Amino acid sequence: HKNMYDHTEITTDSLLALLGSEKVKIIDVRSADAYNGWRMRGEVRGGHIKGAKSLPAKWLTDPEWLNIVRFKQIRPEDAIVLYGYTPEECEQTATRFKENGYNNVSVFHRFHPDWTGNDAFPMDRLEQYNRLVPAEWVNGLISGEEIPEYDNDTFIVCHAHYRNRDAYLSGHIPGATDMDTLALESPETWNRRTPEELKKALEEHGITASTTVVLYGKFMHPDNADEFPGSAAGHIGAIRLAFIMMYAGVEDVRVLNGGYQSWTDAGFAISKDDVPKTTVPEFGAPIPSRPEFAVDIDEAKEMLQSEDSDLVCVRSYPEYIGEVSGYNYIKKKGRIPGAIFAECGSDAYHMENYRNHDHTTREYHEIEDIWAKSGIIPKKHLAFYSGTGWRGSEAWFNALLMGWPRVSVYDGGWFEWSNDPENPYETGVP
């Protein structure tokens, strides 16, 4: 009696008995930030039912919704169990599954407060979720309102871009100041700048080591035909800057999940003011305070020879096999021998394998399980890298968020490696 609009309820007891079943898919339709652990309705335990997959109901407007579902391996032969903060928030998702040929769809009504409120009901969360902030958190922050996971009295919202002030001037978070990516990294090496330059640059942008820095960027459809495609990949640049600031010693760095798009999707006010900087005289800590976050070429070579270490290549497949360099300023094509490949996505300016279509980070369990299939696991010292370290920093950040204890960015990347003609490299399909 398949009813597209009337959905079977599943009880708490029934769901608890199915937690280990391989043919049940439990689907969390709340925002990815709530899934990660943010207690968006004041629940005492945040996160998701253990084993649940993330499928935010916001994505129902995506024309590729069904391909998102299929790529998550959610199949018509599965028993689908949907939950959100309320069963009403699941109704449109339940219908969309039934309209696309899924005949076994139930809704679980008692996730909150029944499941969240009882410590015998298993839940999971992204261990360092408080570094990956939702738009509502940033809005409360700049509004001077009490927000969770924030006990500081000093903050700065920083809009990152690579030589493209228009990315900021065309629309930004109220009160934010822009930080060009060249302020923290050198155009000669495309590595992080020296400690003296970083100190000066951070001070001139109004940042101290005890300032809470909220970083975001704007995705503006990077095109390889342009001279600087990176000028349109603002949110990768933001995570790259988060890497450098955390290396330098900013103790509390946050990243807005999904970048500028999350802010406008949440309906918040846009500003076009060119906000002047409020400089500070003293950064307030030795730079770098966290040198272990950065790996340079000599240590990278050692890691290729150690059993407990790996370099992780976060480049595209055409870069991997030496078909393209990836960049209009890199001539050499190939790959570092001995690195573990973790395909970023389609090219140097897209991170589709680490992101959702709305640019929020991919469900971390999926990233975790793919990495584990290649032997990328938390018990190793891992140095993520890419062409010059932007994509590598975004991979690194994702592992940092899972609480992995020895993750780093090999800053130099393929740019530095291939610039020494004495360094071995491989090419072609392996």
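Position 1 is the first residue in the sequence shown; the rest follow in order.
> Between 403-411 and 20-28, which has the higher average C-alpha B-factor in the PDB entry?
Replying inline: Taking the mean C-alpha B-factor of 403-411 and of 20-28, the larger value falls to 20-28.
>> Mean Cα B factor from the PDB record: higher for 323-331, or higher for 232-240?
In response: Per the PDB entry, the higher value belongs to 323-331.
> Can you tell me which of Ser346, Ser143, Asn130, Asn164 has the highest Cα temperature factor in the record?
Replying inline: Top of the list by C-alpha B-factor: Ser143.
> Between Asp358, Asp78, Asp310, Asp124, which carries the biggest CA temperature factor in the record?
Replying inline: Among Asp358, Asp78, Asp310, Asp124, the PDB entry lists the largest C-alpha B-factor for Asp78.
> Ranked by Cα temperature factor within the chain, is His221 in the lowest third, the middle third or the highest third?
Replying inline: Top third by C-alpha B-factor.
>> Quick check on the deposited entry: does the C-alpha B-factor of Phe108 sit in the lowest, middle or highest third of its chain?
In response: Ranked within chain, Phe108 CA B lands in the middle tercile.
> Comparing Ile336 with the other modelled residues of its chain, is its CA B-factor in the lowest, middle or highest third?
Replying inline: Answer is middle: the recorded C-alpha B-factor places it there.
>> What third of the chain does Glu366 rank in for C-alpha temperature factor, lowest, middle or highest?
In response: As the PDB entry reports it, the C-alpha B-factor of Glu366 lands in the lowest third of its chain.
>> When the deposited Cα B-factors of this chain's modelled residues are ordered and cut into thirds, is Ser386 in the lowest, the middle or the highest one?
In response: It belongs to the middle third of the chain when residues are ordered by C-alpha B-factor.
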